[PDB]
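Participant: kindly return the folded structure for what I paste below:
(8 chains, ligands or ions: 5)
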Amino acid sequence: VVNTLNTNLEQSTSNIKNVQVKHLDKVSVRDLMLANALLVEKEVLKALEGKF
Amino acid sequence: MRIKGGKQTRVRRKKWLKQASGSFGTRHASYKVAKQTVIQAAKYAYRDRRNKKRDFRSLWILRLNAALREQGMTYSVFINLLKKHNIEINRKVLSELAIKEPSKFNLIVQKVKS
Amino acid sequence: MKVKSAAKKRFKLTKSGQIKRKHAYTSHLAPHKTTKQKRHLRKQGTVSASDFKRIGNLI
Amino acid sequence: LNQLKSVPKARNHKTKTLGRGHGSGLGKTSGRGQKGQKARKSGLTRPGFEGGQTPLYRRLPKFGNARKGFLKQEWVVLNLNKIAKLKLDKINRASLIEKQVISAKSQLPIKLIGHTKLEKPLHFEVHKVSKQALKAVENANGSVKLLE
RNA sequence: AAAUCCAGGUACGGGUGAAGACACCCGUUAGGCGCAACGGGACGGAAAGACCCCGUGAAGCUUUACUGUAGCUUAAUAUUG
RNA sequence: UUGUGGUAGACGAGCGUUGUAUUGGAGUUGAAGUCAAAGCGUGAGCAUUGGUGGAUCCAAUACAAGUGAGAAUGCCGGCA
RNA sequence: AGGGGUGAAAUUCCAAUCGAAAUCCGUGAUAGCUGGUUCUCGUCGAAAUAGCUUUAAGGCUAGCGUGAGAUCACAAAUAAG
RNA sequence: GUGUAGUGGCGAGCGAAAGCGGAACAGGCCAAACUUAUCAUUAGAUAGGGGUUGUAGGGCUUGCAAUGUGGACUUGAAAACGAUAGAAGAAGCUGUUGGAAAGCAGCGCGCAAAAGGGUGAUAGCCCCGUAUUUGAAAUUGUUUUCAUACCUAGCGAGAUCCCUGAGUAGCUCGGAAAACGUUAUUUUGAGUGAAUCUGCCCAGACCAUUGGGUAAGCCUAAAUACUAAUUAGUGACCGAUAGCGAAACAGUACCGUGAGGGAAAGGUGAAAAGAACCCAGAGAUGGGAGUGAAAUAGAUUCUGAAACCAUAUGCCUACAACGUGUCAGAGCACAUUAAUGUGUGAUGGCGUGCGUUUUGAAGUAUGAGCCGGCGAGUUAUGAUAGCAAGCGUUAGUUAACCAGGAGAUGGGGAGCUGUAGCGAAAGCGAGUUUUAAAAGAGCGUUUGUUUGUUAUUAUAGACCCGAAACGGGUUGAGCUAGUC
Ligand SMILES: [Mg+2]
Ligand SMILES: [Mg+2]
Ligand SMILES: [Mg+2]
Ligand SMILES: [Mg+2]
Ligand SMILES: [Mg+2]
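Facilitator: Numbering: from 1, shown residues only, chains lettered A, B, ... in the order given. Ligands and ions are numbered 1, 2, ... in the order given. Okay, here it is:
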């Protein structure tokens, strides 16, 4: 999960069928409770706390 | 979405047909007749599972009457001679089987003479 | 589901159910009835609970 | 929460399938009875119908609509039994827009109403005040201005 | 080839029965299986009874039944002095 | 302790099918389907072995339905 | 050439069909009327009456079934007085 | 907004216009006054200038400021981005079962490519592609830039000057569009018929006051509806009784004079290596051989149930009344999903099928010859009720629409329900209607909302099948009737 949507990252992991990168506003309940492992970037916490 | 399902129908009909084997003619071939005959057979099973204990008691009565009639008294008098005097709960079959192993039965029929 | 037009013009609906209605026998023949009957029928009244089902879904 | 096993608490109720045999009940007749008009396709005649007998609505006389062709002039209303729970002084449209009870795009006149006593003073700016509502507001050593 | 056909190993008398029975009840008679015949029965087969009745069913026809109308005729007005 | 016949009919709990989703997993050392067998269940239904067959499929929890056939002088095909 | 035709008149004939042809379309016409309506187990269990009905083979409401909830004592039953 | 105001044999039913939130947004030009040139100028006509309307405008007399935006738009030039063929386009070997391994297993490897298809069985690395980066002589599309025409520009002063769409607006008779079953408004087949800015029309018959707008002439992109077609692709869509009627030479064959009606059926194997040769036979064909993993894959060609027809071990049956089975039970013959076992069953007791509809059917009442397949309470949009969940006492809640992976969702408060009722209504207000009555009675003096799921219900064919028929368009006088 990313806030600024970096392009080096999503250039990778696109050929990987397992994994996927998403901007914060594009994670759903299913897309998140399916993760089973995730990597949050340190920024989005400030955003997330605001959204509750 | 479309569902055909020819497996389940054939399996069910196969069970019904397998129930009726040893049936005359087409009764074991066509399913429509096999189901009728299985239903009817189970009705007869339910009725006979009661009629047979209705009838076996009668048979025991008959083969006890015959045994007592060769000693000098009747079955309709023997039952008194079990209940009122020498109160016995000997069953109505075993007093029958005791003739097939006799001379232990004569002990009964002369015991109640007291 | 359109409200029956010839009903919404005869059954005003009050608070908490209790459909309201006017009484019949008040339009035509005065002398054949009595004064007691006439002033009993002027006052409006509720609908019997038997017809409440037929009318509530009719509105 | 393990989509491989996702469960509710209770919402999956007895689905009355009407035409799939007798063991489930609701079978060949399917609950439609035996051989009536309702049994056939599209029974259930017109909602208000007593079958020839003049129906209740036809039997009863019609309510009269005096002010014909008009619409009742709506009022925005400020009852006193609840407005105490609302914390505000100097009541008017300019603040009722802020407290969201009224809307800015609403050129609608304001009425005041209600008998219940209120503790603190409130200064209302409204179009109509009841006699005893005005009395109640003034006993709280407040005021009411009646806009014209 | 055909129409027919719930499965059939498909007797008779008296009685009973949704009221006239191959099967039910109580008696009676009868080895298994064909072939040529004949038609009593299986309320045989072919036809969702043509008669009768019912449906707020159809169509055709009638008339001083109702409502309308093509036509025929009469008057005002325009064409027009 | 009191009960447990039952059409119309109300109510409850359930089996099976087809597919989607994620989770486990079996398969040319032979998958489904198909027949056969002297199994297991309170029922819908479910396994085990073998012959055939020659590539997909099974279980658990949800979800969605062209979802469950003995009758319609039913339709189509076959056969008496 | 069909709410027409033709008729030495019979309701004749109009492509094996004619009290108003044939096929296509509105059209999946409508049918209070027949027939059919597909898996299981458990719990409970009726009516076939009254009133009205251009209604009487149908319909509405009451009566009788079931499910959810309250009334739990003065309500409802069963015996004696 | 609302299923509202209304309209309706006030029955069935029908159903707006405002207002509000939004997608998109542009408004231009003639006729006539006046003037010009010419028509035997009897013009009342032809071609120009000029001018376009409402806080009224324009023309007529007189001045100031203007050189410019602007497009509903003409020709050229240049450029960009596309459409129509295509080019490059990374990475693997070993072992076992095996007919063939690409599986399984060992050790690696590449990635802006683990979308897809084929390759003897399931491949990221065998191939063809894909991601990516690219490229057009010729034809074509959209946009942009520069020049290029035609159209287009503003603030004042004077005064009874003139113009401002005639068989027109109205009025009457018959009808209709509009939500309205004829009614303001709008249209018209017949008849009549005005006025000219102190004007004309309008604000549900009508008049006055107030206020709004200027008909009777023309033109107009955008948002909107639809997709047989071209290209790329998708599917909790069908998978040969399905799905288009049609997977194949299907609107074919076939029926009918004609309009018109109108089908069924596909799969060898990885590859023909399509089965040379031999025996029987006239021959098809069959049986060996041969190829092949298998010929029980053989051209009848994937699998190959059932009804159905034949063969056979085991048991029973030729004095026996039978809805054909069941409960007992001998003898006989075998031996299992190891079980108080299996197949048959001389002989005793007992025994009038299944659905349907009916007061009641074994029924001399009806449906089904048998097997297999197909086949009948769903869906959209709203109403009420039950259950569960979120949110809550000035609460709850979004619709359209916009951005988005043909997504959850974010924005979007316009509206919806509830928060005060009563009354026919103005109105009053925890009270209110009736009433002289402040008595009495009626009704009220708080228990929400949005979704999920289920039952019932409404409008749509609304469980399925079933008419005789009704109306509209066409095709038929090659038989038959008449006439020529
Ligand atoms: Mg029926
Ligand atoms: Mg006959
Ligand atoms: Mg007015
Ligand atoms: Mg049935
Ligand atoms: Mg008959």
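
Participant: on the three-state scheme, the residue of chain B found nearest chain C is what?
Facilitator: Among all residues of chain B, residue B:1 sits closest to chain C, at 31.7 Å; criterion: Cβ to the nearest Cβ. Any C-beta I mention is one placed from the backbone N, CA and C, and that applies to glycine too. Assigned state for residue B:1: coil (three-state reduction, DSSP: H, G, I helix; E, B strand; the rest coil).

Participant: against residue B:11, how distant is it?
Facilitator: 22 Å (Cβ to Cβ, to the nearest Å).

Participant: tell me which of the two has more neighbours.
Facilitator: residue B:11 (9 against 2; other Cβ atoms under 10 Å in any protein chain shown).

Participant: residue B:108: what's it in contact with?
Facilitator: B:90, B:95, B:98 (Cβ atoms under 8 Å, 6 or more residues apart in numbering or on different chains).

Participant: tell me which helix or strand it sits in.
Facilitator: helix B:105-111 (DSSP states H and E).

Participant: export that helix as CSV, just CAs?
Facilitator: Taking Å, rounded to 0.1, in the frame of the first residue of the first chain, the C-alpha atoms of helix B:105-111 are listed here in CSV:
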residue,chain,number,x,y,z
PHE,B,105,-42.7,-81.2,30.4
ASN,B,106,-44.6,-84.0,32.2
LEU,B,107,-43.1,-82.6,35.4
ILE,B,108,-44.9,-79.3,34.6
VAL,B,109,-48.2,-80.9,33.8
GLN,B,110,-48.2,-83.0,36.9
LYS,B,111,-46.7,-80.2,39.1
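
Participant: buried ones in that helix?
Facilitator: Neighbour-count burial for helix B:105-111 flags B:105, B:108, B:109 (criterion: 16 or more other Cβ atoms under 10 Å in any protein chain shown).

Participant: restrict the contacts of residue B:108 to those near RNA strand E?
Facilitator: Cross-checking the contacts of residue B:108 against RNA strand E (Cβ under 7 Å from any atom of the strand) gives no overlapping residues.

Participant: which among those residues count as buried?
Facilitator: Buried among the contacts of residue B:108 by 16+ other Cβ under 10 Å: B:95, B:98.
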